[PDB]
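First comes the structure, then the notes that go with it.
Reminder, nothing fancy here: chain letters follow the sequence lines and each chain counts from 1.
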Amino acid sequence: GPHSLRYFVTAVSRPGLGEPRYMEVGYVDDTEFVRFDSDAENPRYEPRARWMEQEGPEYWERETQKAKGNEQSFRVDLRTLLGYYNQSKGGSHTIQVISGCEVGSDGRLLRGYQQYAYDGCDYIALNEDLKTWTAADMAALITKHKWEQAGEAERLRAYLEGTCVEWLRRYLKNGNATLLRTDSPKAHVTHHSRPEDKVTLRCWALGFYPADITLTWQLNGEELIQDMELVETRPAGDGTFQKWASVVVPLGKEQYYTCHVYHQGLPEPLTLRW
Amino acid sequence: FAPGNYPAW
Amino acid sequence: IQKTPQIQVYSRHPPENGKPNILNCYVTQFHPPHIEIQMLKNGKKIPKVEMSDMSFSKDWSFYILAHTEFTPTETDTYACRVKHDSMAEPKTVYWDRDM
């Protein structure tokens with residue numbers, strides 16, 4: 001299947017409390033593998049997955065130097081934006097960035113992207129052509145004109161198509177035992193009373209990897225997608241994932257509803273009853 | 001391998 | 001923008017008393033990013049809590065996981081307490097082991 005390398009960056013100002021909080025978090029697929037946090041006692045880029053032990057000390061030194069440089073650029077950005085939006089120095093503000101690339105099972109590039117937000121709203125983004133930018137407001141249009149005259153897109157494209165892809169392949173190779181594994185979901189159904197002669201049926205899926213899964217409830221061969229409550233698939237603390245899906249059904253009629261679990265670790269989908 | 005340059009806004 | 005966090009509390013395995021497990025507090029869909037998250041055993045702060053899996057969704061709202069190794073017993077109760085600007089009061093979410 002496909003794979004991704006993604007870097008989530010966040011800078012948060014805190015007036016009266018010193019410099020902004022700055023964080024970078026890297027993911028290969030849905031697994032955290034590196035992180036930088038400016039609030040650490042000695043801020044360094046650090047491994048977050050076991051297989052990153054295969055990188056030498058030069059790797060960590062280089063990533064740490066990038067992070068400290070990036071941190072400074074976002075401090076300046078935070079100042080600049082107060083001018084752009086005529087905001088006071090007293091309020092806290094947030095920059096977010098997502099950068100990444102995705103490859104097929106053969107290692108070839110599928111797509112690359114970079115998108116930015118200010119205070120939780122789109123600011124500027126690289127278009128799918130990887131040549132032009134798209135800006136959400138007047139402030140972002142200033143930024144766009146700057147990046148165009150500096151040729152920033154060309155530099156970014158070279159990273160997304162070359163460096164990003166090549167390192168993703170390396171991490172997939174180095175982290176093969178972790179990243180290319182499949183852990184099959186284990187499923188069960190719980191039952192809870194409600195008022196008015198109705199019952200909540202909840203189907204659980206536990207201990208699975210990778211994160212992509214489908215949980216559906218059925219009554220007589222039709223899916224009850226519109227009547228389901230769900231949680232977003234969520235990490236379980238040990239590198240695996242879990243999810244649940246519920247439906248409200250008439251008391252006494254529980255036996256007619258079935259939960260269906262689809263996952264790459266399930267040659268045939270699971271079918272469960274209460 | 002993280003992006004090493006985010007251009008100033 | 002202001003988005004109130006969803007707080008989800010859950011174990012890695014279905015709980016069996018005396019068996020090692022992992023307790024999770026997943027705090028999601030919130031903005032602004034400043035937040036305090038504390039895992040509590042019988043009303044007392046658990047010391048060895050790992051923070052992990054910080055990300056954001058397509059609408060830019062923040063996601064983060066707090067977790068800790070634990071061995072459930074019959075009597076011990078567990079909760080996640082979260083403070084965020086969107087809420088008037090700190091919100092304490094109890095682990096519901098029968099969910």
Counting heavy-atom pairs under 4.5 Å with chain A, the top scorer among C/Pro14, C/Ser55, C/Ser11 is C/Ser55

*Are any of the side-chain heavy atoms of A/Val231 and C/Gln8 separated by less than 4.5 Å?*
yes

What do the steps show when you test A/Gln242 against C/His13 for side chain to side chain donor-acceptor pair (under 3.5 Å), and what is the final call?
CA-CA 10 Å; A/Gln242 69 157 235; C/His13 303 279; over 6 Å; no

Chain A shares the most heavy-atom pairs under 4.5 Å, among C/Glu69, C/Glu50, C/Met54, with C/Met54

Can you establish whether the number of heavy atoms outside A/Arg273 located under 6.0 Å from its atom CZ is more than 12? no

Scored by heavy-atom pairs under 4.5 Å with chain C, the best of A/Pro235, A/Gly207, A/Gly120, A/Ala117 is A/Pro235

Bottom line for C/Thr68: the part with an atom under 4.5 Å from chain A's heavy atoms is neither

When rounded to the nearest 0.5 Å, the distance separating OG1 of A/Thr240 from CZ of C/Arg12 is 3.5 Å

Under the criterion side-chain contact (heavy atoms from CB on, under 4.5 Å), I'd like the reasoning laid out for A/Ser92 against C/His34: C-alpha separation, chi angles, the key distance, then a yes or no. CA-CA 9 Å; A/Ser92 175; C/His34 183 73; over 6 Å; no

Honestly, the part of A/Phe241 sitting under 4.5 Å from a heavy atom of chain C is neither

Okay, C/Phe56 and chain A: the region with an atom under 4.5 Å from a heavy atom over there is both

When rounded to the nearest 0.5 Å, the distance separating CG of C/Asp53 from CZ of A/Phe8 is 10.5 Å

From the list A/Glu32, A/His191, A/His188, A/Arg6, the residue making the most non-hydrogen contacts under 4.5 Å with chain C is A/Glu32

Worksheet item: Any side-chain heavy atom of A/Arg234 sitting closer than 4.5 Å to one from C/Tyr63?
Response: no

| C/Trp60 side chain near A/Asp122 side chain, heavy-atom distance below 4.5 Å | yes

Under 4.5 Å to a heavy atom of chain C? For A/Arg35 that would be neither

| said: Just so I know, are the side chains of C/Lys58 and A/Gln115 near enough to count as touching, which here means a heavy-atom distance under 4.5 Å? | reply: no

Rounding to 0.5 Å, atoms OG (A/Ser246) and CE (C/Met99) come to a distance of 10.0 Å

Whatever's closer than 4.5 Å to a heavy atom in chain C on A/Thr31 counts as neither

